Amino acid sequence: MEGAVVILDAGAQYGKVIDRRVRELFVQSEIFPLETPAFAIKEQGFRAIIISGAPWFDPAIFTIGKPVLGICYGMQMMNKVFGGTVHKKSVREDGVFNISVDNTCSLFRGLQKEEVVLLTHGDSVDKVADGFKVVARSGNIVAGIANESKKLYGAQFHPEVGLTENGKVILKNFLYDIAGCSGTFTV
């Protein structure tokens, strides 16, 4: 329903890690099946979407005018849906890397120009879809993308894990500032 965040996660945790972070920030969240149709999300009145993780998802989750945070595989899909491409197996090993961050991007507000983040082995963006800016990187590796007018944001790394030093700040930026979720409950 309204004011809540829907989590579509293709990974081994089935939304649980991302869901604990959203809870910790006092925001209502529902873990949904990844193939949940975009129209169903709109009809329920969800305020935002977090997609993370070949599994089938509805490409229209990116096109319905709701704020979306794509994490890792979710960022790759976001890029793909808007005409971008990816490198296969470009990240060979899991690691905690210091990366360059665009500080003026909505998502990375309050961060330093350099940040320590967890990147998992796998794929990474090649050609960046038109309308997206690169907002984080290390070398050939695009670590973040943003279409600010559309409120579509991608992070290659995993902000939901404590190993990403200021991952909570990134999620706060998305949920509060970008999506306008209130971090308040009524007891």
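Position 1 is the first residue in the sequence shown; the rest follow in order.
- The modelled chain breaks between residue 53 and residue 54, where 4 to 9 residues of the deposited sequence lack coordinates.
- Set 155 to 163 against 126 to 134 and average the Cα temperature factors; 126 to 134 ends up higher.
- Relative to one another, 135 to 143 and 60 to 68 have unequal mean CA B-factors, and 135 to 143 is the one with the higher figure.
- The PDB entry assigns the greatest CA B-factor among 74, 84, 110, 95 to 95.
- Residue 27: CA B factor lies in the lowest third for its chain, per the PDB record.
- Per-chain ranking of the deposited C-alpha B factor places residue 91 in the highest third.
- When the CA B factors of the chain's modelled residues are split into thirds, the value for residue 100 lands in the highest one.
- Ranked by Cα temperature factor within the chain, residue 49 sits in the lowest third according to the deposited record.
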